[PDB]
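First comes the structure, then the notes that go with it.
Throughout, read-outs are computed from the coordinates displayed, never taken from laboratory work. Every residue, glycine among them, receives a Cβ derived from its backbone with ideal geometry; neighbour counts consider all protein chains shown.
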Amino acid sequence: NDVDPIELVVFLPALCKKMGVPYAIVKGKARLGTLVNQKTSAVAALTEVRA
Amino acid sequence: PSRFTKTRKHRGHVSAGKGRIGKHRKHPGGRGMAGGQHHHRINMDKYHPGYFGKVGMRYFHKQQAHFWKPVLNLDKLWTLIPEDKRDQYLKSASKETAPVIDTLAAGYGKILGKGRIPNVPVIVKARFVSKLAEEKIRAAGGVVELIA
Amino acid sequence: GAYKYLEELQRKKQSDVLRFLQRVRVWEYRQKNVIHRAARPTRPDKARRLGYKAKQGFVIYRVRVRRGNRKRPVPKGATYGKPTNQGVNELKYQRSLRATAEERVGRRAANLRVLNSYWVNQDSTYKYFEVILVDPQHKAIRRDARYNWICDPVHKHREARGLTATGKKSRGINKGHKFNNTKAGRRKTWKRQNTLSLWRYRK
Amino acid sequence: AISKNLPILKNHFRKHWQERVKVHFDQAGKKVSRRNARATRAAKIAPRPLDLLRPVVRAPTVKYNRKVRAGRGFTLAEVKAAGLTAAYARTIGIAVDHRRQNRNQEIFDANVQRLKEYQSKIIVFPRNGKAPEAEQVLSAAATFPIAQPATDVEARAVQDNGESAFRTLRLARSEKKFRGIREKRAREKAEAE
Amino acid sequence: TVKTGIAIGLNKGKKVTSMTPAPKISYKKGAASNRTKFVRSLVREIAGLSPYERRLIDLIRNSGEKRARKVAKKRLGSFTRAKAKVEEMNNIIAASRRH
RNA sequence: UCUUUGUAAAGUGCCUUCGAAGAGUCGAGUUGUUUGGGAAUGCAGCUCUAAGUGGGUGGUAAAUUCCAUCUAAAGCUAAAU
RNA sequence: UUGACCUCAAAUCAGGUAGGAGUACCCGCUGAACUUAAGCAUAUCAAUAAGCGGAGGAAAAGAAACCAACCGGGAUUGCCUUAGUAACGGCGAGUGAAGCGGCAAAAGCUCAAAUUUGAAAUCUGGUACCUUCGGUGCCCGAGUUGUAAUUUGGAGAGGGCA
């Protein structure tokens with residue numbers, strides 16, 4: 001939610017809606033960064049899941 | 001060179017061939033074409049008539065290529081063929097081998113008709129021709145067709 | 001790629017969202033200094049196409065330059081001369097505000113070359129530019145010879161000489177018949193066509 | 001400041017031309033330096049011919065389209081038609097132009113023939129091994145001189161038709177001058193039955 | 001078209017047999033890619049309409065196309081700029097009116 | 001010389017899906033300067049501010065309709081000087 | 001409470017870098033006036049001198065958003081021509097290019113817009129070793145708001161097929 005500058009992800013909800021992929025505006029880019037072993041991520045996605 | 005200029009003959013003559021009364025000054029009449037309408041009117045209107053004014057239309061971005069059209073007269077036309085073979089062409093005047101002359105490759109745009117081409121048939125290649133030039137070419141028995 | 005969406009979405013400069021962003025951004029650009037380092041570009045897509053790679057060595061300054069014309073500095077507004085030059089107001093500077101921004105940034109951080117600069121925002125009395133700067137003395141940029149041309153000594157202070165995108169525009173260095181006076185430098189062309197070229201064997 | 005029957009001499013020296021005068025005393029000196037530069041370049045890149053191979057192309061404008069001249073480079077279409085790749089042609093000493101386009105067959109035929117007779121007249125050393133001892137020629141343009149196309153036979157029979165060539169010229173000119181009005185009038189008749 | 005083979009006229013020029021060369025990938029810089037049309041469709045949906053654009057929509061849909069076309073020429077650069085914008089807004093009106 | 005150097009790269013012919021190509025930017029108006037550039041050459045300020053078979057240019061402003069040629073708003077590069 | 005991240009600081013922090021000189025030439029900005037017009041205001045001198053800023057052995061420009069209208073040429077630069085011409089100008093004084101052509105020299109390219117997604121494959125810095133204008137190993141960092149490879153429109157990419 002806290003992407004600075006905000007226009008980087010401003011179109012993602014629109015892009016996600018048109019393609020129909022579920023999207024979640026989660027609080028904190030540091031949380032995304034720490035689940036990708038980085039400082040920040042500003043975005044994260046799953047494309048495949050174990051059975 | 002200096003030793004022949006008349007200033008050398010003018011050493012010793014006080015006014016240096018420029019008059020005592022006149023006292024040759026630095027710019028008495030102005031500078032350049034100055035006063036072409038006020039005090040040099042007579043000189044301009046006697047020796048350069050038509051100097052002042054706007055006659056004609058303003059042509060924007062005039063390229064001399066568009067108007068490239070060198071003139072060629074019928075009398076000068078025979079000069080294009082090389083000398084060694086000119087003599088055999090004036091003689092044996094025959095329709096079935098008529099010399100062809102690439103006036104355009106020779107650098108001439110139009111064929112003009114100063115006249116008196118002899119009664120031999122000559123194929124003329126040019127960008128443009130005139131009424132009398134083509135008539136005389138036909139009169140000589142030749143033909144003129146256009147190129148580009 | 002996100003930058004394709006970012007470029008087109010940043011083109012709509014009068015949309016409600018872009019207006020709100022520039023309303024918020026112009027304020028906090030104003031409450032900061034005239035020249036201040038941006039921690040990251042606020043137009044990453046524009047920086048990317050102007051050559052900004054997010055590797056250490058590249059520097060982004062934000063610079064705030066006054067709008068309006070240039071008032072001729074003559075005391076009491078009296079220019080002593082023919083009336084064709086008495087005009088002290090309404091005189092327009094010949095270098096774009098982009099070019100003025102690049103110069104003041106360059107002279108502030110003299111250890112960096114001005115790669116480029118781009119409009120980022122604008123208000124009544126200021127224009128805002130983010131100036132792409134590249135450090136020529138950083139080993140990262142000295143290496144990677146895709147960028148080692150800028151640490152060549154001929155490229156130092158290219159904004160002062162007028163070599164960036166704005167400098168090329170201001171000097172009118174473009175191909176065409178529109179630029180016949182300014183094709184390689186108007187002073188070179190002027191000197192070219194005002195020389196008297198005399199030869200050993202006169203023509 | 002003006003008198004007598006003298007032509008109006010438009011001399012552009014109101015400016016301070018004196019600081020900007022350039023007199024070429026070095027014309028002899030620059031010629032010797034240039035010849036030395038040609039000597040050292042040839043000695044540097046021996047035995048390649050010190051210059052590229054230029055195509056023969058027709059000059060533009062109506063004034064000069066009667067003369068062919070050495071253009072910049074062979075268009076990519078000409079290079080492939082010779083059976084090469086653009087990059088390979090550049091290395092072996094063939095000037096290549098990417099922005100020129102081939103729209104004339106006669107020019108195209110000359111250039112691909114120019115390339116074919118260039119390949120058969122050069123030899124290329126292999127990258128690895130003992131390069132054969134070759135003697136350096138200094139002018140590729142001279143070895144393949146630019147040739148004026150042969151127009152037609154010196155003298156042929158008269159193909160008369162009584163066309164009155166001048167009348168054709170007026171007819172063609174009048175049609176060009178009146179093409180619009182003759183079309184527009186035809187348009188008005190067509191729209192108004 | 002083939003030339004007429006004479007120094008003046010409509011198709012003045014020497015007779016030559018031509019090539020019709022392989023078209024350059026250039027001359028297609030304005031061609032809209034499939035992804036590019038997708039991107040610009042997305043932007044219009046999410047950014048919305050610019051201020052004057054909404055005024056033009058009001059003007060074209062209430063007063064008349066010609067009176068909106070003149071103000072677009074003033075608002076935008078030139079006539080063809082106004083022509084392309086107005087034809088676009090009739091399409092957007094039709095698209096936004098339908099369904 | 002090679003255990004350095006081929007879980008190597010490069011070029012090439014088809015057919016197919018494509019083919020992304022730069023925004024306060026072009027451009028327009030006005031102002032000032034400048035140009036040989038003249039209904040405005042270029043630049044600059046302010047206002048307005050785009051499109052994608054689009055855009056620019058085609059030295060008379062405008063509209064209608066075609067054609068021709070390039071691909072801007074990012075960048076580098078020796079020599080002749 | 002404790003770790004982050006984001007931004008902003010400080011340090012006689014580690015390592016660097018800028019200034020100033022010269023300035024003949026070069027790149028911009030600013031910019032006059034004397035003078036000429038037999039006066040003078042537009043014009044001219046002049047898009048000059050002075051002032052300011054910035055480099056190099058040259059610099060700049062440079063590979064077309066070109067010139068053309070041709071049977072088309074094909075980065076830039078310079079010379080001869082164009083041409084004292086088209087054009088500008090109290091259309092007065094004066095000002096005034098460019099295309100084509102010949103020649104000198106010729107050299108072409110690189111990014112951004114593509115996902116590597118079967119593995120950030122990238123890079124600085126510290127440290128140890130060495131054969132040190134650097135290389136290797138490990139580590140800390142930067143970097144996913146995008147670093148390498150691949151493509152730059154002349155094309156090119158992907159998918160087979162040999």
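Could you check D:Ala46 against (1) surrounded by 12 or more Cβ atoms within 10 Å (Cβ to Cβ); (2) within 11 Å of chain C (Cβ to nearest Cβ); (3) away from RNA strand F (no atom under 11 Å from the Cβ) and say which number it fails?
(2)
When only residues in segment B:91-122 that are in contact (Cβ under 8 Å) with a residue 40 or more places away in the chain and at positive phi count, which is surrounded by the most Cβ atoms within 10 Å (Cβ to Cβ)?
Here the residue is B:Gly115.
Restricting to segment E:52-99, count the residues that are surrounded by fewer than 17 Cβ atoms within 10 Å (Cβ to Cβ), within 7 Å of RNA strand F (Cβ to nearest atom) and under 20 Å from E:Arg40 (Cα atoms).
Counting residues in segment E:52-99 that are surrounded by fewer than 17 Cβ atoms within 10 Å (Cβ to Cβ), within 7 Å of RNA strand F (Cβ to nearest atom) and under 20 Å from E:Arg40 (Cα atoms) gives 5.
Looking for something of a type in the set (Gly, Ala, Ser), within 30 Å of B:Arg127 (Cα to Cα) and over 17 Å from the mean Cα position of the chain (by Cα) - is there at least one such residue anywhere in segment E:10-32?
yes
Out of all the residues in segment C:101-134, which are over 21 Å from C:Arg49 (Cβ atoms), assigned to a helix (DSSP H, G or I) and of a type in the set (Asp, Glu)?
C:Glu103
What's the number of the condition D:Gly29 fails, among (1) of a type outside the set (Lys, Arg); (2) without any contact (Cβ under 8 Å) to a residue 12 or more places away in the chain; (3) in contact with a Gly (Cβ under 9 Å, 6 or more places away or on another chain)?
Only one criterion in (1) of a type outside the set (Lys, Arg); (2) without any contact (Cβ under 8 Å) to a residue 12 or more places away in the chain; (3) in contact with a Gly (Cβ under 9 Å, 6 or more places away or on another chain) is unmet by D:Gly29, namely (3).
Yes/no per residue for (1) buried (at least 17 other Cβ atoms within 10 Å of the Cβ); (2) of a type outside the set (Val, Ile, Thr); (3) away from chain B (no Cβ under 14 Å); (4) away from RNA strand F (no atom under 11 Å from the Cβ):
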| residue | (1), (2), (3), (4) |
| --- | --- |
| D:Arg34 | no, yes, yes, no |
| D:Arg38 | no, yes, yes, no |
| D:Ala42 | yes, yes, yes, yes |
| D:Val57 | yes, no, yes, yes |
| D:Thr61 | no, no, no, yes |
| D:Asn65 | no, yes, no, yes |
| D:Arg69 | no, yes, yes, yes |
| D:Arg72 | no, yes, yes, yes |
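Which is within 14 Å of chain C (Cβ to nearest Cβ), under 26 Å from C:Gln10 (Cβ atoms) and not aliphatic (A, V, I, L, M), of E:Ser78, E:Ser50?
So the residue among E:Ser78, E:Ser50 that is within 14 Å of chain C (Cβ to nearest Cβ), under 26 Å from C:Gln10 (Cβ atoms) and not aliphatic (A, V, I, L, M) is E:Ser50.
List, please: which pairs have Cβ atoms under 7 Å, are six or more places apart or on different chains, and start with a residue in segment D:4-26 that is within 14 Å of C:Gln193 (Cα to Cα) and end with one that is assigned to a loop (DSSP other than H, G, I, E, B)?
D:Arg20/C:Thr195; D:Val21/C:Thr195; D:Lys22/C:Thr195
Name the single residue that is nearest to the other protein chains (Cβ to nearest Cβ) among those in segment C:130-168 being near RNA strand F (Cβ under 9 Å from one of its atoms) and in contact with a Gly (Cβ under 9 Å, 6 or more places away or on another chain).
Residue satisfying both the conditions and the ranking: C:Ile132.
List every residue pair whose Cβ atoms lie under 8 Å apart, where the two residues are 6 or more positions apart in sequence or sit on different chains, the first residue falls within segment E:1-21 and is surrounded by fewer than 16 Cβ atoms within 10 Å (Cβ to Cβ), and the second residue, located anywhere, is aromatic (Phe, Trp, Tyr) and not in a loop (DSSP other than H, G, I, E, B).
Note: pairs meeting the criteria are E:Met19/D:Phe108.
For segment D:124-181, which residues satisfy the criterion of being more than 12 Å from chain E (Cβ to nearest Cβ) and in contact with an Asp or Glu (Cβ under 6 Å, 6 or more places away or on another chain)?
D:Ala140, D:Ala157
Could you please find all residues in segment E:1-26 being more than 14 Å from chain B (Cβ to nearest Cβ), β-branched (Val, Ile, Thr) and within 8 Å of RNA strand G (Cβ to nearest atom)?
Scanning segment E:1-26 gives a single hit, E:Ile25.
Could you give every pair whose Cβ atoms fall below 8 Å, whose first residue belongs to segment C:54-82 and is on the phi > 0 side of the Ramachandran plot, and whose second residue is surrounded by fewer than 13 Cβ atoms within 10 Å (Cβ to Cβ) and of a type in the set (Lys, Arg), counting only separations of at least 6 or pairs across chains?
Listed pairs, sorted by first residue: none to list.
Take residues that are within 14 Å of another protein chain (Cβ to nearest Cβ) and surrounded by fewer than 12 Cβ atoms within 10 Å (Cβ to Cβ) and tell me which of the helices (runs of 4 or more DSSP H) falling wholly in segment C:1-100 contain 3 or more.
C:16-30
Just to check your reading of the model, which residue among C:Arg171, C:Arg113, C:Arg187 is surrounded by 18 or more Cβ atoms within 10 Å (Cβ to Cβ), over 27 Å from C:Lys53 (Cα atoms) and either within 7 Å of RNA strand G (Cβ to nearest atom) or away from chain D (no Cβ under 14 Å) (or both)?
Going through C:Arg171, C:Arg113, C:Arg187 in turn, just one is surrounded by 18 or more Cβ atoms within 10 Å (Cβ to Cβ), over 27 Å from C:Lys53 (Cα atoms) and either within 7 Å of RNA strand G (Cβ to nearest atom) or away from chain D (no Cβ under 14 Å) (or both): C:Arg171.
Identify all residues within chain A that are assigned to a loop (DSSP other than H, G, I, E, B), small (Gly, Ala, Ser) and either within 13 Å of the chain's Cα centre (by Cα) or surrounded by 11 or more Cβ atoms within 10 Å (Cβ to Cβ) (or both); write none if there are none.
A:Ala24, A:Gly28, A:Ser41, A:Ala42, A:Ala44, A:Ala45
Quick check on E:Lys29: is it part of a loop (DSSP other than H, G, I, E, B) and either within 7 Å of another protein chain (Cβ to nearest Cβ) or within 30 Å of B:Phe67 (Cα to Cα) (or both)?
no
Against the definition (within 14 Å of chain E (Cβ to nearest Cβ) and without any contact (Cβ under 8 Å) to a residue 24 or more places away in the chain), how does A:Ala24 come out, yes or no?
Here the answer is no, as A:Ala24 does not meet what is asked.
Please determine whether any residue of segment D:97-115 is away from chain E (no Cβ under 14 Å) and more than 26 Å from D:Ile45 (Cα to Cα).
Checked segment D:97-115: at least one residue is away from chain E (no Cβ under 14 Å) and more than 26 Å from D:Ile45 (Cα to Cα).
Residues are listed down the side, and each one gets a yes or a no for (1) closer than 30 Å to B:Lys125 by Cβ; (2) surrounded by 10 or more Cβ atoms within 10 Å (Cβ to Cβ):
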| position | (1), (2) |
| --- | --- |
| B:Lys18 | no, yes |
| B:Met57 | no, no |
| B:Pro82 | yes, no |
| B:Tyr89 | yes, yes |
